[PDB]
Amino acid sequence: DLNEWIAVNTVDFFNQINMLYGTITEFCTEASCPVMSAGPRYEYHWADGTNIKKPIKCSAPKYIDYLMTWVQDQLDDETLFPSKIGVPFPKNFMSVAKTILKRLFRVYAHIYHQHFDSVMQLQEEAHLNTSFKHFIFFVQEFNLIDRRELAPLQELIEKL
């Protein structure tokens, strides 16, 4: 069953991204990043949580803040991510996994576009690149994100 493999990677990359963003969160501020964006052409608004519907226009620190709590809440949901072998994956699981990975991608995109400078200072260019390569190679193999969504890093994606 493909589901257990997708589960750990979703967890795996969730961990990697929070770590990487963690290294530059102080350099990602309301003043530096008034909106969640991935280049000039791409801005994102938070929604499809059942708490917040009307997509809200907010800063990158907050968007990433809302996102990670939301994602983490799903990971701790036994009905969504079984901690037991005797518990099946929900019928809509695959769909749930895709939404998470799709938005997690946006953190990669935002960091690359707006914060690559601090990353190089930290000598973390390899770590960000290694994580992203693994991330993209994972999502492409199982079509977990529609390519239309991947536009902001298309040129980068091609070189890997």
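For the two forms, the rigid core is made up of the largest set of C-alpha atoms that agree within 1.5 Å on superposition. In this text, residue numbers run from 1 along the sequence as written.
After superposing on the rigid core, the larger RMS C-alpha deviation in 6 other deposited structures of this protein belongs to 55-63, the other candidate being whichever of 119-127 and 55-63 remains. Looking at 19-27 and 5-13 together, the entry lists the larger mean B-factor for 19-27, computed on C-alpha atoms. Here the stretch with the larger average CA B-factor, out of 49-57 and 65-73, is 49-57. The entry assigns its greatest Cα B factor, within the set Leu128, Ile111, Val96, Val35, to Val35.
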